[PDB]
């Protein structure tokens, strides 16, 4: 996933508050989240890929091997089981918790990194450019 390595800064977001509503995130956290303009830092070391999101409010960090299910605690504090695979040049993440699931796809589009989040038919698109 060499095309993903770097530091990325958020440029635009579409429907992210609707996505968070569908995921069940509360009002106060949804308002903090929409004020954040996180930076995403992706790095690879051997077999382990690390994705870090940094903001004034909350930093998150996950390190994983592609194809191996792992425990993740999301920024909104859900404890989920995640698995990320490399498919068609995109990182596809599925998170499962309480009988629910959501898909987060990170893909390159031109010189940008695009994050698509889908929860029960609601789709959010967030576009990042290199910092």
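In this text, the rigid core denotes the largest set of C-alpha atoms whose superposition between the two forms falls within 1.5 Å. Residue numbers count along the first chain shown, from 1.
- The segment moving more, judged by mean Cα distance from this form in 9 other deposited structures of this protein after a core overlay, is 54-62 among 36-44 and 54-62.
- Choosing between 95-103 and 27-35, the greater Cα displacement from the shown form in 9 other deposited structures of this protein, fitted by the core, goes with 27-35.
- The PDB entry reports B-factors from which the mean C-alpha value can be compared for 52-60 and 81-89; the larger average falls on 52-60.
- 67-75 and 27-35 differ in mean CA B-factor, and the higher of the two is recorded for 27-35.
- Set against one another, the Cα B-factors of 116, 22, 109, 14 in the record reach their highest point at 22.
- Among the modelled residues of its chain, residue 127 has a C-alpha B-factor that falls in the lowest third, as given in the PDB entry.
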